[PDB]
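Asks: Protein chains in written order, with full-length UniProt numbering: chain A, 16 to 26; chain B, 191 to 379; chain C, 172 to 748; chain D, 170 to 748. In this text, a Cβ means the ideal position worked out from N, Cα and C, and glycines have one as well.
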Amino acid sequence: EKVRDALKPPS
Amino acid sequence: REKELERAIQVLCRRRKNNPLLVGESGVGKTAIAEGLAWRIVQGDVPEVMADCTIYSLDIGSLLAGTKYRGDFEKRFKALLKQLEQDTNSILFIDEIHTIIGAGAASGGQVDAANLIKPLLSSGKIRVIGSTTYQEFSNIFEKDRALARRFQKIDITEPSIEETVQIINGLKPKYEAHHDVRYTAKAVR
Amino acid sequence: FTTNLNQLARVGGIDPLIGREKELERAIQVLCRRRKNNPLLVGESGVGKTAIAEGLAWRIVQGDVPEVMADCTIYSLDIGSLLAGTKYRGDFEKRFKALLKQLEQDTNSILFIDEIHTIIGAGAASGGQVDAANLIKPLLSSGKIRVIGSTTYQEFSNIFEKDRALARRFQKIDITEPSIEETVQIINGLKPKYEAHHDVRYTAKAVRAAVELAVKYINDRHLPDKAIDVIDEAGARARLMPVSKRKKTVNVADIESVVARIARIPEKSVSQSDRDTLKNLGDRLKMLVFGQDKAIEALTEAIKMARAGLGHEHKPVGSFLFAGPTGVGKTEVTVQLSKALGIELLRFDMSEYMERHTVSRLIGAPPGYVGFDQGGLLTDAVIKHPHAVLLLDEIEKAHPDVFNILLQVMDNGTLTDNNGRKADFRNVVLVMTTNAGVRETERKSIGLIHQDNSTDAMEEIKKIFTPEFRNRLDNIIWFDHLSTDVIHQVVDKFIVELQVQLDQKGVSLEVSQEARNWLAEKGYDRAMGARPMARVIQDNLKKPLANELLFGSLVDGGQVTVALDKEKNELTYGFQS
Amino acid sequence: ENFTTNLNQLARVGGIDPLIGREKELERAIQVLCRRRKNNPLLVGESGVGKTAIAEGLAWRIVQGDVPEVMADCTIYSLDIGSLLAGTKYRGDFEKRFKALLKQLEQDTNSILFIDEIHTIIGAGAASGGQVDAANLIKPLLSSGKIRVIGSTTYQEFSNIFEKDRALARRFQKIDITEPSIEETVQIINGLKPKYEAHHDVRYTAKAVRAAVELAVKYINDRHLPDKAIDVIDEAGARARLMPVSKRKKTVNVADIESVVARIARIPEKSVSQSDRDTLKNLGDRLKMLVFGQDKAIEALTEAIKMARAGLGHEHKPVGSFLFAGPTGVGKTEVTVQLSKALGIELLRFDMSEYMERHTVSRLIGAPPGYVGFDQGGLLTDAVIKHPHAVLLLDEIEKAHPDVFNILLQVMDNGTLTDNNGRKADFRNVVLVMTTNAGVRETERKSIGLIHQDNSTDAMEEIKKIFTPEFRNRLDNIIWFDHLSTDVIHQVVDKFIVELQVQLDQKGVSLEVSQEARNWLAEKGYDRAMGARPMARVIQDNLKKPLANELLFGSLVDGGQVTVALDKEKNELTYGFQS
Ligand SMILES: Nc1ncnc2c1ncn2[C@@H]1O[C@H](COP(=O)(O)OP(=O)(O)OP(O)(O)=S)[C@@H](O)[C@H]1O
Ligand SMILES: Nc1ncnc2c1ncn2[C@@H]1O[C@H](COP(=O)(O)OP(=O)(O)OP(O)(O)=S)[C@@H](O)[C@H]1O
Ligand SMILES: Nc1ncnc2c1ncn2[C@@H]1O[C@H](COP(=O)(O)OP(=O)(O)O)[C@@H](O)[C@H]1O
Ligand SMILES: Nc1ncnc2c1ncn2[C@@H]1O[C@H](COP(=O)(O)OP(=O)(O)O)[C@@H](O)[C@H]1O
Ligand SMILES: Nc1ncnc2c1ncn2[C@@H]1O[C@H](COP(=O)(O)OP(=O)(O)O)[C@@H](O)[C@H]1O
Ligand SMILES: [Mg+2]
Ligand SMILES: [Mg+2]
Ligand SMILES: [Mg+2]
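(1) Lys220 (chain C): beta carbon under 6 Å from a heavy atom of ligand 2?
(2) With a threshold of 6 Å (Cβ to nearest heavy atom), would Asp464 (chain D) be considered close to ligand 4?
(3) Select from B:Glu264, B:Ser247, B:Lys258, B:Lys193 the residue whose C-alpha is nearest the C-alpha of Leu306 (chain B).
(4) Please state whether DSSP places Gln443 (chain D) in a helix, a strand or coil.
(5) Can you name the residues of chain C whose CB is closer than 8 Å to the CB of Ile281 (chain B)?
(6) Buried or exposed: which applies to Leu227 (chain C), given that a residue is buried once 16 or more other Cβ atoms fall within 10 Å of its Cβ?
(7) DSSP has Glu681 (chain C) in a bridge; who is on the other side?
(8) At the 7 Å Cβ level, is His528 (chain D) part of the contact set with chain C, yes or no?
(9) Under 8 Å Cβ to Cβ from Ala569 (chain D), same chain only, skipping five residues before and after it: list those, please.
(10) I want to check one thing, is the minimum distance from the CB of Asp186 (chain D) to the heavy atoms of ligand 4 below 6 Å?
(11) Please list the partners that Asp582 (chain C) has in chain D, where partner means a Cβ-to-Cβ separation under 8 Å.
(12) With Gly498 (chain D) and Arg702 (chain D) assumed to form a contact (beta carbons below 8 Å), what rounded beta-carbon distance in angstroms separates them?
(13) List, in chain order, every chain A residue whose beta-carbon is nearer than 7 Å to that of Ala269 (chain B).
(14) Interface residues of chain D around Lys207 (chain C) at Cβ under 8 Å?
(15) How about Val580 (chain D) and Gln507 (chain D): are their beta carbons less than 7 Å apart?
(16) Assuming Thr244 (chain B) is part of the beta strand (DSSP E), what are its boundary residues?
(17) Hey, is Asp20 (chain A) close to ligand 6, as in C-beta under 6 Å from one of its heavy atoms?
(18) Would you call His369 (chain C) buried or exposed, if buried means 16 or more other Cβ atoms sit within 10 Å of its Cβ?
(19) Is the beta carbon of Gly217 (chain C) within less than 6 Å of some heavy atom of ligand 2?
(20) Just the chain A side, please: which residues come within less than 7 Å of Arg260 (chain B) by C-beta, in chain order?
(21) For ligand 6, any of its heavy atoms closer than 6 Å to the Cβ of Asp285 (chain B)?
(22) Please determine whether the Cβ atom of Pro395 (chain D) lies at a distance below 6 Å from any heavy atom of ligand 4.
(23) In this structure, how does DSSP classify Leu601 (chain C) when only helix, strand and coil are distinguished?
(24) Identify, in the order they occur along the chain, each residue of the same chain with its Cβ nearer than 7 Å to the Cβ of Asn279 (chain D), setting aside the five sequence neighbours on each side.
(25) For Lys258 (chain B), which option in B:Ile223, B:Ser297, B:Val355 has the closest C-alpha, if you only look at C-alpha atoms?
(26) Name the chain B residues whose beta carbon is nearer than 7 Å to that of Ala255 (chain C)?
(27) Since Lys343 (chain C) is in the beta strand (DSSP E), which residue starts that stretch and which ends it?
(28) Applying a beta-carbon distance threshold of less than 7 Å, which residues of chain C neighbour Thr278 (chain D)?
(29) Among residues of its own chain, excluding the 5 on either side of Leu725 (chain D), which ones have a beta-carbon nearer than 8 Å to its beta-carbon?
(30) Please look up how many angstroms separate the CB atoms of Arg206 (chain C) and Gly314 (chain C), rounded, as I've assumed it's under 8 Å.
(31) So is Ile648 (chain C) in contact with chain D if we call contact Cβ pairs under 7 Å?
(32) I'd like to know whether the C-beta of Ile291 (chain C) is nearer than 7 Å to at least one C-beta of chain D.
(33) When the distance is taken between beta carbons, is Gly489 (chain D) closer than 7 Å to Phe650 (chain D)?
(34) Could you tell me whether the Cβ atoms of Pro210 (chain B) and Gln325 (chain B) are closer together than 7 Å?
(35) Could you list which residues in chain D have their beta carbon closer than 9 Å to that of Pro237 (chain C), in chain order?
(36) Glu16 (chain A) to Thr289 (chain D), Cα distance in whole Å?
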């Protein structure tokens, strides 16, 4: 469906 | 809530199924029981085994506030878990346990808090208290058979009208001072 | 990364398996097959599905198994390490590959994985590089490697049925709850492990009564898990004494009260004080519900015969009916019977189920249904409460299709469900009501002298109802009309509800016995019974007072006096401020 | 690539069973696979028929080289639907992975994708909210033609989703797969026999294989012939070796196989045996000790059955068509119960009273709900389908409309039934029994006259007028009863007392009843008009009422030692408990 994903940047 | 309290203390003391689950309906007072358990412990009206215990409450929003970088949630949650096992006497009362089922993993890693805590519960070193509704428990919590096996379901029901008036009288001083009014015994009934 | 089950059994950590010999023979039957050699242990949770796997390995060391499989050494998958240990990708592939080399080259080697449905997809966080189940499929099709799985009855239909290919490899083996005799050995075997932690010694009598009382009241879980729970709770309760382990031994009294708390039931219920309750409750029915004394004898003896054992085990406790006029206490007796016995009262209205489609919804769908709609509300009620009172009023109004289901349930005492394998209706008492018994023509007859067309002795209902359904009934109870004195007592009940309402308004009402007789004769009707009593009570008592309370003598409260005069034939109203 | 397995490569290392029969189906697949367009074949067959097996047969034929040159270099792959779906978390992952494979496959020409149970991904959902989106990636492949996709479906699924959607059906041909004949089935087992005998070093006699196929079809009505047959042989091989630990006997016999099917059938082993000779002779004697009284009926009924079950008679006509007549509420119905119990068949009690209405007749020859479920089936049609070898106990035949009788004529002569659902049932092995209660009604009917006139009617007279002679012409035999005996009715009290006493044995209670009291109680309960219908109720009423009060607390709890005897003056039984 239409799902929002929150990315994580590398430290 | 003397009988309901007994069931929780008994569940915490047993070897297996150490984690109790206070299932109920909205507003029944399941959260007050856990918050009230700590109040009972400081008062000292509990068994000696539980007197030394220290109940903790986890706020998921604060836990997820700064988890921008990779591994932030895992390091935080894992760090907190280490504190629980070393003490061996603390209890983490987490309300709305169903929320952590899909929280902490945005995508890719899929490292959810439920998966992280699961192994520790198998050994039994850490004991926690949960709260959930019937609809939420069956729709979400029941899906995770692993977590359900560790937790021992507890059925809660609204108290009788007789019990309710006693609750109001016990809580009457708190609301009487805030509002600067005196409630009559006939009015509460 | 790996675990061994044969080595653990050899050491003796696991206790001796008790019973389930048939499952062991049927389990090894497919295990030795050239194809379809993956025995899938399908059973409800907490029914010892994993114990069977561990039990089989134990018997191998003892040698009381077929020699063909005795040489074999059963293994167990490390669910915890594989699920979470190998977080990084690549390590799982090389580590799992090592298991394949160990798994292959030894046809005797066996592998058992509990919760086999959970591993349908696994081995990677988000990548589709490999699947643990799929990796073994090439070696499974050939049949060189045989494995044992564990899936719940619900999970079996949810996923395994989808992939016929995977389902083809496996073969279902039904797991039935162990009997009370089997459980007492299992719990006794596990007794030392828990006695040390609690520093208590459970008496033999205490542990056998627990299962009897537990199954009688606790119904959420099966006997193995249920029995273990009551023993662990009782032990913990004992060490929580006020000063220092006041009570060491675990007597029957301790377990008798533990189940009460877990069941949220009042004390003295576990005492098995059923004989005396039956005698005293009888008198209570007459005072609470006036009349129908003849039917009370039939209702009470019905319960005594079932509990005493004068009935077939499969046959339910009772299948009766109440054919009588309206408002004759038919429903009233049922409510008191439940409260009197401390049993749940489940009531269903057949009027909503008059249509054919609604009858099917009662049990979901005989042909089948999908979409997790949870259809079959009647079946679900029995699973949550095996012992209950099922009242089906206006059964005659229901479509004859519903009768067909009762023939099957009455014959075996169990009702099948769309998803649920079966239900327990043995404890439930089937009680119904019908109003067709009272059927008098509005027009008496074509003649100067009316004819007393006395109602037939159940002849009319015989043609309306099916013949087999009538014979299967344990007994037929009829409810007749009520005597005039009973009606004089019934008005007292209606009057009492008025006084409580007046208490909130500070109004005193006093009615004479002669006035009550006027409402009684006009109130009770043969055709409607109690139904018109309200209208006269409202019209003759509530309506006149409404004017005064809102605007009149009784605005601020007062005393009410009522009298009857023969001159006018109507009641008189008097108000005192 | 790892998702789908290469069947052709598997054949080289073994694991491919030889294909026995179905050469015509194989030729059709080769013929359609050589087409420029619409070459994609479909295998519309029921579960267990072996549709998947022919797909592997094509891989064996190609590696062997007994196929056209164009297809000689072709490869076949078996898509693993469960692998991709299990790994996915949300929709879109499966489609992406499937897109990657398809592109890799299109690079190499002569690649065939065997999508077993294609209906699952194509549509109809109801698994995890449905996976109908997978059809999106299937339509381009069909239109493109770059690769040929073999499909496996079923008659029900095919019409539901495939025939309705022209996009797929137009680019998919049909190869109807029908269960093989019994003769073809034994040949298939013979081809597969070497694998099993070499597996555990045991020999399989020709007698057992023939017995295995006939027994399974006769008893196992919920599975198809080819697949369930292999399980019987495989189960026998395992059971033969593992059970007799002391003696290892390689030779197998037909009797050994009976025990194998008994476990799955869950029916007694003796009844499961297919011995028409032995069962016919003992069936009559078996009904005598089990049911006592009116033994003349057992003799006539059994000999008549022998005539039809002899095998010479064409079985198009139902095996049994006995139309019982005369009094009711007698052992006539009981005989059918024990007859069904000895054989093990499931007795179906169809009562016409519910179907009296003309509209209700359609329920037997049509879906009762009259909904679009398309799986309910007719009451009579589905019931015969569930138990093709079970007797139909017709009840209250008198209250039947003429159309109801018309349906009976079809089964007696045609031996087949057509309903709105369209499913065909087999009546070759079915038995039919009826019961006539009209005679009982006339006996109690009053006479309009000054003095009542005795009417000692006979069972024959009613059927002559109420039933058309056409039914009697097709009818094989009619039995009649009058009354069992005076003594047997006394014995009926004893038989019930035996079961009632068995109940006391569970309670550890002992009870005795006077011989004279037993006789009087039997007469009180037994009636000519009602027969033995009320006898059951009176038996319990005599003792259940008084015993119930004292069983809860009393001497009955420990031993009982009850004494029961009537009073001459009061004719009422007296109960005394001595523990
Ligand atoms: N035994 C009690 N003693 C004191 N206050 C009580 C008690 N039971 C209920 N309450 C009051 O009722 C409120 C509602 O019950 P809670 O357990 O707090 O609800 P909750 O579980 O947070 O509700 P949700 O979020 O709708 S599931 C409590 O916060 C108290 O104010
Ligand atoms: N037949 C049995 N033989 C031996 N131990 C048994 C038996 N039945 C129950 N037990 C004990 O009680 C437990 C029953 O649950 P398990 O067999 O562990 O798991 P399961 O019930 O198969 O599945 P879950 O509920 O998903 S852990 C066993 O592990 C033993 O401790
Ligand atoms: N013997 C009785 N004891 C108490 N109330 C009775 C008795 N007979 C009739 N009633 C009264 O009859 C009324 C029946 O109401 P209800 O159950 O709604 O009727 P129905 O079953 O006809 O729908 C109630 O007011 C009930 O108290
Ligand atoms: N024509 C046939 N030739 C050889 N074996 C067959 C044939 N038909 C069915 N079988 C056997 O039936 C069993 C199952 O075949 P399979 O194709 O997997 O069935 P299904 O298509 O129902 O899944 C195997 O033992 C297979 O060899
Ligand atoms: N010859 C007989 N042998 C054994 N039982 C018999 C015999 N004749 C009658 N009975 C018994 O008498 C009853 C016959 O009527 P029944 O079948 O109960 O009637 P219905 O089918 O109308 O309920 C049954 O209990 C049956 O077992
Ligand atoms: Mg809360
Ligand atoms: Mg388990
Ligand atoms: Mg009523």
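Replies: Looking at the atomic coordinates:
(1) yes
(2) no
(3) B:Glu264
(4) coil
(5) Going along chain C, no residue has its Cβ under 8 Å from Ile281 (chain B), so there is no contact; the nearest lies around 15 Å.
(6) buried
(7) C:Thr732
(8) no
(9) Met521, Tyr524, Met525
(10) yes
(11) What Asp582 (chain C) touches in chain D: nothing, since even the nearest Cβ is about 10 Å away.
(12) 4 Å
(13) Within 7 Å Cβ-Cβ: nothing; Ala269 (chain B) doesn't reach chain A, min ~16 Å.
(14) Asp400, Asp403
(15) no
(16) 244-247
(17) no
(18) buried
(19) yes
(20) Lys23, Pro25, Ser26
(21) yes
(22) yes
(23) strand
(24) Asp242, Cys243, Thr244
(25) B:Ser297
(26) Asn305, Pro309
(27) 341-345
(28) The contacting residues do not exist; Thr278 (chain D) stays about 25 Å from chain C at best.
(29) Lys676, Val678, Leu716, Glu719, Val731, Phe746
(30) 6 Å
(31) no
(32) yes
(33) no
(34) no
(35) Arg410, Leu411, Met412, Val414
(36) 20 Å
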